[PDB]
Structures are given as structure tokens and as C-alpha cells.
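Visitor: Quick one, fold the following:
(one chain, ligands or ions: 2)
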Amino acid sequence: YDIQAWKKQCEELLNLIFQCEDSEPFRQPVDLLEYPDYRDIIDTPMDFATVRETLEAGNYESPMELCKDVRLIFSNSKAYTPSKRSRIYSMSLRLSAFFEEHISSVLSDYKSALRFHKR
Ligand SMILES: Brc1ccnc2ncccc12
Ligand SMILES: Brc1ccnc2ncccc12
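Guide: Numbering: from 1, shown residues only. Ligands and ions are numbered 1, 2, ... in the order given. See below for the structure:
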């Protein structure tokens, strides 16, 4: 019932995500010189370095907030892709599956710990 445990669990999951080749297009903000129309489609850019920095700055209060930003990385890729067969979009789907598989216990344990705190 450790209410703080999610933070290190999220740091470790972000480390695994950075080791993965599929995260390379998402490690830093999308390069606007490479994709000049990006901000015409995407209102809120997000990337894994921004997530890691927000976490390290102590600017996430819960793993739900981190999970919303990570999910925004994937929804931005789905919105920007010209095709469901695109290389970078296909990488985002594999990364999303891996993230969701691993974040589920982090969220469950955190929510359980908060319920125990108010039992
Ligand atoms: Br990194 C990563 C991303 C996507 N799928 C993965 N599957 C297994 C292990 C690491 C993975
Ligand atoms: Br092309 C493409 C497809 C999907 N997501 C993308 N995100 C960033 C840069 C290029 C992308």
C-alpha cells in the first residue's frame, strides 16, 4: 500500500521504453523542420523526454497524469499519420501495447494504496 511507489515504477518503465527501438521517433519532440505541418494537426505535442522530465521535476501528482501524457504521444501519432500502414505509426502501436501491458499494475497498485489510506 505504498502511495509513492508508482514514481520509481514509472521511471523504470520509461527506461524500458527508451531501450526499445520502437520509441526512437518519440524520444524527443517531433521535429517541426522535418514535419512542417505538424502543429496544423497536433494541438498538444508530447514526447517521452518531456514525460521523463515532468516526472523528475516532481510535476506529476499521480501515475494517471503520467499515463494521460503517454497516451497523448500515441494519439498524436494516430492523428498525424497519413496511413494506418505508416512506419512511425506502426512503431507507436507496438510501443502503446507494451506500455499498457506494464502500466496496468502501476495504476492498480496506486489506486489500491490510496483506497487503503482512506479505509
Ligand atoms: Br521497448 C518495447 C516496445 C514494444 N514492444 C516490446 N516488447 C517486448 C519488450 C520490449 C518492448
Ligand atoms: Br509519418 C508519422 C506517422 C505517425 N506519427 C508520426 N509522428 C511523428 C512524425 C511522423 C509521424
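Visitor: Just checking the helix or strand harbouring residue 78 against ligand 1, any contact.
Guide: Element membership for residue 78, per DSSP states H and E: helix 63-80. No: Helix 63-80 does not reach ligand 1 (CB under 6 Å from any ligand atom); its nearest approach is 11.9 Å. From N, CA and C alone the C-beta is placed, and that goes for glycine too.
Visitor: Please give me every residue in contact with residue 70.
Guide: 46, 48, 51, 99, 103 (CB atoms under 8 Å, 6 or more residues apart in numbering).
Visitor: Please tell me I have it right and the third one contacts residue 14.
Guide: Going back to what we said before, that points to residue 51. Yes: here residue 51 reaches residue 14: they are 6.7 Å apart, a contact under CB atoms under 8 Å.
Visitor: For the protein, which segments are assigned as helices?
Guide: In the chain, the helices defined using DSSP state H lie at 6-19, 38-41, 48-56, 63-80, 87-117.
Visitor: Which one, of those helices, ends up nearest to residue 28?
Guide: Nearest of these to residue 28, taken as CB to CB: helix 48-56 at 5.3 Å.
Visitor: Can you mark which positions in that closest one are buried?
Guide: 48, 50, 51, 52, 55 (16 or more other CB atoms under 10 Å).
Visitor: before we move on, what about stretch 91-107?
Guide: Here stretch 91-107 shows 91, 92, 95, 96, 98, 99, 103, 106, 107 as buried, counting by 16+ other CB under 10 Å.
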